[PDB]
């Protein structure tokens, strides 16, 4: 009931994160870890100066925490310096502490109020956090050192199970048909939620890839295979993707959605009920013609992309 990890987009993310920066930057990465064990925000460890730790909320926004901990785990594996092992231990403790009883992972922790409290798939936050904890649970590199004990691994396995349970319950039923996920759901009510003003309740063409990838690392029970099949069917349906089109971000001044032979496009946001791709703006509005959007949002955010390609090709590979 296990699928290969070869080609799994989440596994790929994680193995890349192991070597994301130069090893020489391990100390600057480390210098930003908050006391609670999470990182205060996403950072370019190639341009910034040294941090001074801190006591702010940790976050999984934009790859924060989950990237740093995979990277430091590799550095520890490679170099042996225990301060990096300790950092990784606090990061994983941070992740499990952040988890609600339902299995949901918030974007910021300690909780800050507002949308950050929600179960956050945005930026592959929750799916990739669970992928990290799962690799740690299963002694997979770079977590195949002494960084964790048997009891740690049981702790993480419990976390992954609860997170899996959350994903399965949150998966959206579109007029009776299992589909995908919103970029954020209520931690306690499982309902799709808004985030920032231009991020409305919807199916996420972006984050659902990562969610499916994460499920595909899990043992494929009947209900997990159904969920992955249903999710994959949704990505691969002519009611979901635009045919003969691509998203070209360099053309966002007026319209990034352009005719392109041999190409499919997926919307960033799909209507929960009609599966109509849509657009928003800083006024919280919802509309279907990207040219009506403010210049700043059309160029400042991706309203579509090649999202489905990687999960569809992967599902093919494994016989789904």
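Positions refer to the first chain, counted from 1.
The deposited model assigns a higher average Cα B-factor to 15 to 23 than to the other stretch when 293 to 301 and 15 to 23 are compared. Between 118 to 126 and 246 to 254, it is 246 to 254 that carries the larger average Cα temperature factor according to the deposited entry.
Per the PDB entry, 146 shows the highest C-alpha temperature factor of the residues 165, 134, 199, 146. Comparing C-alpha B-factors across 84, 71, 235, 214 in the deposited entry, the largest value falls on 84.
When the modelled residues of the chain are ordered by C-alpha B-factor, residue 271 sits in the lowest third. Residue 222: CA B factor in the highest third of modelled residues in this chain (values from the PDB entry). Per-chain ranking of the deposited C-alpha B factor places residue 169 in the lowest third. For residue 139, the recorded CA temperature factor ranks within the highest third of the chain's modelled residues. Annotation for residue 239: C-alpha temperature factor in the highest third relative to the rest of the modelled chain, per the entry.
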